[PDB]
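Source file: upload_39.cif; contents: mmCIF, N, CA and C atoms.
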```cif
data_work
loop_
_atom_site.group_PDB
_atom_site.id
_atom_site.type_symbol
_atom_site.label_atom_id
_atom_site.label_comp_id
_atom_site.auth_asym_id
_atom_site.auth_seq_id
_atom_site.Cartn_x
_atom_site.Cartn_y
_atom_site.Cartn_z
ATOM 1 N N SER K 1 49.652 38.176 -43.508
ATOM 2 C CA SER K 1 50.514 37.070 -43.112
ATOM 3 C C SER K 1 50.303 35.877 -44.050
ATOM 4 N N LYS K 2 50.057 36.170 -45.332
ATOM 5 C CA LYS K 2 50.006 35.203 -46.429
ATOM 6 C C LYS K 2 48.849 34.218 -46.251
ATOM 7 N N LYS K 3 47.627 34.696 -46.479
ATOM 8 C CA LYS K 3 46.416 33.899 -46.544
ATOM 9 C C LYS K 3 45.433 34.640 -47.461
ATOM 10 N N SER K 4 44.369 35.234 -46.919
ATOM 11 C CA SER K 4 43.316 35.948 -47.622
ATOM 12 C C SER K 4 42.540 36.729 -46.561
ATOM 13 N N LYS K 5 42.609 38.061 -46.637
ATOM 14 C CA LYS K 5 41.958 39.107 -45.866
ATOM 15 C C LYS K 5 42.670 40.367 -46.395
ATOM 16 N N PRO K 6 42.331 41.612 -46.011
ATOM 17 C CA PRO K 6 42.680 42.778 -46.828
ATOM 18 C C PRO K 6 43.944 43.481 -46.320
ATOM 19 N N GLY K 7 44.478 42.987 -45.209
ATOM 20 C CA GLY K 7 45.582 43.538 -44.458
ATOM 21 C C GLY K 7 46.261 42.329 -43.841
ATOM 22 N N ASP K 8 47.552 42.426 -43.526
ATOM 23 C CA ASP K 8 48.319 41.402 -42.843
ATOM 24 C C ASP K 8 49.296 42.132 -41.929
ATOM 25 N N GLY K 9 50.073 43.049 -42.509
ATOM 26 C CA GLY K 9 51.169 43.741 -41.846
ATOM 27 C C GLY K 9 52.413 43.490 -42.686
ATOM 28 N N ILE K 10 52.390 42.358 -43.389
ATOM 29 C CA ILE K 10 53.260 42.033 -44.507
ATOM 30 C C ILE K 10 52.399 42.399 -45.713
ATOM 31 N N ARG K 11 52.285 43.709 -45.933
ATOM 32 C CA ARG K 11 51.349 44.362 -46.832
ATOM 33 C C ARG K 11 49.927 43.859 -46.545
ATOM 34 N N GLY K 12 49.236 43.414 -47.590
ATOM 35 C CA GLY K 12 47.868 42.936 -47.588
ATOM 36 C C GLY K 12 47.835 41.548 -48.211
ATOM 37 N N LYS K 13 48.736 40.683 -47.735
ATOM 38 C CA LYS K 13 48.890 39.310 -48.213
ATOM 39 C C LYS K 13 47.878 38.397 -47.510
ATOM 40 N N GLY K 14 47.221 38.965 -46.511
ATOM 41 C CA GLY K 14 46.040 38.465 -45.840
ATOM 42 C C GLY K 14 46.415 37.906 -44.478
ATOM 43 N N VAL K 15 45.826 38.438 -43.408
ATOM 44 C CA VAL K 15 46.066 37.999 -42.043
ATOM 45 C C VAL K 15 45.549 36.558 -41.869
ATOM 46 N N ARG K 16 46.078 35.801 -40.907
ATOM 47 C CA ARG K 16 45.712 34.414 -40.682
ATOM 48 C C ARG K 16 44.651 34.377 -39.588
ATOM 49 N N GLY K 17 43.423 34.074 -39.985
ATOM 50 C CA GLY K 17 42.249 33.911 -39.177
ATOM 51 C C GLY K 17 41.302 33.476 -40.283
#
```
Turn this file's structure into C-alpha coordinates for me.
Amino acid sequence: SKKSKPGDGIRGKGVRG
(Lines of atoms letter the chains of each structure in order from A and count residues from 1; the text may use other names and numbers.)
(Lines give C-alpha, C1' and ligand atoms only; values in the text may rest on other atoms or scores of the structure.)
Protein backbone atom coordinates (compact mmCIF):
# COMPACT_ATOMS: atom_id res chain seq x y z
CA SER A 1 0.00 0.00 0.00
CA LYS A 2 2.91 2.30 -0.99
CA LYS A 3 5.31 2.55 1.98
CA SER A 4 8.08 -0.01 2.85
CA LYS A 5 7.54 -3.71 3.80
CA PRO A 6 7.75 -6.75 1.43
CA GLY A 7 4.06 -7.15 0.50
CA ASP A 8 1.11 -4.73 0.24
CA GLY A 9 -1.51 -6.34 -2.01
CA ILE A 10 -0.76 -3.61 -4.53
CA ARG A 11 2.21 -5.84 -5.36
CA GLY A 12 5.03 -5.31 -2.82
CA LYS A 13 4.93 -1.49 -2.68
CA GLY A 14 4.93 -1.98 1.10
CA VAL A 15 1.99 -2.33 3.52
CA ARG A 16 1.23 0.66 5.84
CA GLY A 17 2.28 -0.14 9.41
query = Mind telling me what the PyMOL selection byres (((chain K and resi 4 and name CA) around 6) and name CA) catches here, as a PyMOL selection string?
reply = chain K and resi 3+5+14
task = List, as JSON, numbers by chain, every residue that the PyMOL selection byres ((chain K and resi 13) around 5) selects in the file provided.
result = {"K": [1, 2, 3, 4, 7, 8, 10, 11, 12, 14, 15]}
Edge lengths and centre in Å, axis-aligned, chain K plus 4 Å each side, as JSON:
```
{"center_x": 47.3, "center_y": 38.9, "center_z": -43.7, "size_x": 20.0, "size_y": 18.9, "size_z": 17.0}
```
